[PDB]
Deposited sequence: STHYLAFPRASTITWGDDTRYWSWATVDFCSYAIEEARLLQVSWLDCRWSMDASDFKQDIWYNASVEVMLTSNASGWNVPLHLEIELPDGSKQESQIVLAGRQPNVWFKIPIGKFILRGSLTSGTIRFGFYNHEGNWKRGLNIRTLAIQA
């Protein structure tokens, strides 16, 4: 069951405020006004939510997902999209996914890992820092469940 939904405005997005690279659109989500982050083009693709471990219950397994959509204009996804949960000790749940040739214009949930706590910043995010242009990824929300 879902503990937190966090919307991309609560995240840090490199070039997030620069309309050459990113855009925002107001939409309804089960009666709540949210803003989707809509990637036009960027090379330093980086989206991180920062939350404290004390926000979460200890001695219980959490899983985290990011809900996204590829547009008809999608390109540059022939590279590994790195998925990361950083715990307060400095350790990392590292995984990757390749978004190339997935169906456009449907929402899908990318799992970004699992964690358990036994106080301090937890980072949830995805990134690709390579010199190619990523285009046409829409971000809806980070979900944290237990």
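Positions of the deposited sequence absent from the coordinates form one stretch: 119-122.
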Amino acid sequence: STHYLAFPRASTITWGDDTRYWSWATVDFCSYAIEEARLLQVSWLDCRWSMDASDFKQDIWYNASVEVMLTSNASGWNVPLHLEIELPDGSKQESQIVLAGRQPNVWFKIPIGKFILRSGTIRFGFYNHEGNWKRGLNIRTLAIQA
From here on, numbers count along this sequence of modelled residues.
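The mean Cα B-factor in the deposited entry runs higher for 51-59 than for the other of 33-41 and 51-59. The PDB entry records a higher mean C-alpha B factor for 83-91 than for its counterpart among 83-91 and 61-69. Looking only at 10, 122, 13, 25, the residue with the top Cα B factor in the deposited structure is 122. The deposited CA B-factor of residue 144 belongs to the middle third of values across its chain.
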